[PDB]
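Working notes, structure below.
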Amino acid sequence: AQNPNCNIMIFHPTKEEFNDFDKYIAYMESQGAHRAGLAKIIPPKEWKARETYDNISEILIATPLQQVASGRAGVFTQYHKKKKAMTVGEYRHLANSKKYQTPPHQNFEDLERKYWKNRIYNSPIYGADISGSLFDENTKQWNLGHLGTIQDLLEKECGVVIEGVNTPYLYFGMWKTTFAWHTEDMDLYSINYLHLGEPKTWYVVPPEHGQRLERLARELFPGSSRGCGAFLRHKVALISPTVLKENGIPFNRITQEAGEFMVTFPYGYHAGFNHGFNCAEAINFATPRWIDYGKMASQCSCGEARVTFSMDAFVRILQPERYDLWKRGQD
Ligand SMILES: O=C(O)CNC(=O)C(=O)O
Ligand SMILES: [Fe+2]
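The sequence shown begins at 11 in the deposited numbering and counts up by one.
The structure is reproduced here in structure tokens:
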């Protein structure tokens, strides 16, 4: 067995190895990388996503979300309060203002400590799920807007043609900006590129113990657990590293810096926070190994998760039994 520890592996591909995305994902997994639930990929030194970031100020964040917490410091949910539209330029100014700027601190460990101690007391504003791409049209490798689609992957493995297309999303963050504990829709892979700015800290549970995390979340959020058999789909729940330790939940942490890719693996629960103003780009993807995870993936039918048009066909083909009930939760 490779990576028997499920530790997070960091990859440094050559120019040549960076030329075939699917090949390199398969190579990572041949080394056991998927066992951690997250891997880091450092692009080759000659690679760039694009020339500069000088001209991104006019991008509109149509619906900035203020992330308001309830609970206690290490066990809370957050809700998203919609704010008025702003440009990236305005958002960056707001991130850097006294009220929201990264505090003075020693190192990453000092910031992590301040995050879990103080996060619930503030409500930072983040620009999430903005359809779009910052990759230069001419960047040929690891261009997140040029990956093969999940619809074509499904077709190629199952021989069925389906509607839908998938496209990247941009995320503009600031200090304390928070991504709640979750796996991807249909337990897909994701890949995340940090274009610019301050770091992102990730926490991840190995896929082989995602059920343990679900069990703890049901003990920690009893009210949300009753409302829904798949409530982590709602993406509202936070549980600190200290609470995970106390509860025997295996996990790992890693900090992503600008210029680096993160890959999450099927059914790898992850959560995290941003160190300060940054911009990340992300997309889901599939490989033949995902198919079996997609067939077993849990579904919110609470209403709450309210997903995307593109998911309909995945539930339809991979989970025909679950489809009617899912479809009605969608209304
Ligand atoms: O933009 C972010 O940092 C949030 N991303 C993810 O959860 C992901 O790519 O899986
Ligand atoms: Fe994610």
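Beta carbons are placed, not taken as given, at the ideal position from N, Cα and C, and that holds for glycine.
- In the DSSP assignment, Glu167 falls outside any beta strand (DSSP E) and within the unbroken alpha helix (DSSP H) covering 160-168.
- Contact annotation: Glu218 and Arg45 have beta-carbon atoms nearer than 9 Å.
- About 7 Å separates the CB atoms of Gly155 and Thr177; that is less than 8 Å, so the two are in contact.
- With contact defined as three or more Cβ pairs closer than 8 Å, the segment 185-203 and the segment 120-134 are in contact.
- DSSP places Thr252 in the helix class (H, G or I) of the three-state scheme.
- Collapsing the DSSP output to three states places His192 in a strand.
- Rounded to whole angstroms, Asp322 and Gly142 show a C-alpha spacing of 22 Å.
- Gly47 places its beta carbon less than 9 Å from that of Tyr279.
- Straight through space, the alpha carbons of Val317 and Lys245 are spaced by roughly 12 Å.
- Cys168 is classed as exposed because its beta carbon has fewer than 16 other beta carbons within 10 Å across all chains shown.
- For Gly304, the uninterrupted alpha helix (DSSP H) segment begins and ends at 300-306.
- Residue range 262-266 is occupied by the beta strand (DSSP E) that includes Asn262.
- Going by C-alpha positions, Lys255 is about 12 Å away from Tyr213.
- In the DSSP assignment, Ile51 falls within the unbroken beta strand (DSSP E) covering 48-51.
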